[PDB]
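Enquirer: Let me begin by handing over the structure; questions about it come next.
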Amino acid sequence: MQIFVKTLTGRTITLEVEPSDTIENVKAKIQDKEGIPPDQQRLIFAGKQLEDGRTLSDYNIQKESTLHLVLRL
């Protein structure tokens with residue numbers, strides 16, 4: 001399924017994911033597409049900071065949902 005990742009720069013990238021995918025794997029996908037190292041990535045959805053070990057389905061992230069990417073040093 002397609003999801004959107006909104007960056008602070010104002011740019012939004014599209015990811016192809018499955019609800020069974022872990023947050024860690026999503027961050028890996030972001031690295032492959034944009035080159036941002038996972039340890040610098042903070043993902044936000046529905047006011048929650050997403051935890052690496054959990055899956056997208058755990059957070060009820062549906063298709064065409066938008067995640068917010070904030071970078072930590």
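Enquirer: Where does each of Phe4, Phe45 land when they are ranked from fewest to most other beta-carbon atoms within 10 angstrom?
Expert: Sorted ascending by nearby Cβ count, the order is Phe4, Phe45.
Enquirer: To the nearest 20 debye, what charge dipole does the stretch 6-65 have about its Cα centre, counting +1 at the Cβ of each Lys and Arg and -1 at the Cβ of each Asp and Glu?
Expert: Dipole size: approximately 280 debye.
Enquirer: Let me know the shape class of the chain, please: from the alpha-carbon gyration tensor, a ≥ b ≥ c as square roots of the eigenvalues, rounded when a/c is under 1.5, otherwise prolate if a/b is greater than b/c, or oblate.
Expert: rounded
Enquirer: Return the percentage of antiparallel bridges among DSSP beta bridges fully within the chain, rounded to the nearest 5 %.
Expert: Bridges in the chain are about 75 percent antiparallel.
Enquirer: Mind checking which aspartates and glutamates have their C-alpha under 20 Å from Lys33, skipping anything on the same chain fewer than 8 residues away?
Expert: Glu16, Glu18, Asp21, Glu24, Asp52, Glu64
All of the numbers you see were taken from the coordinates with simple rules; none came from a lab. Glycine gets a Cβ as well: all are built from the backbone with ideal geometry, and neighbour counts include every protein chain shown.
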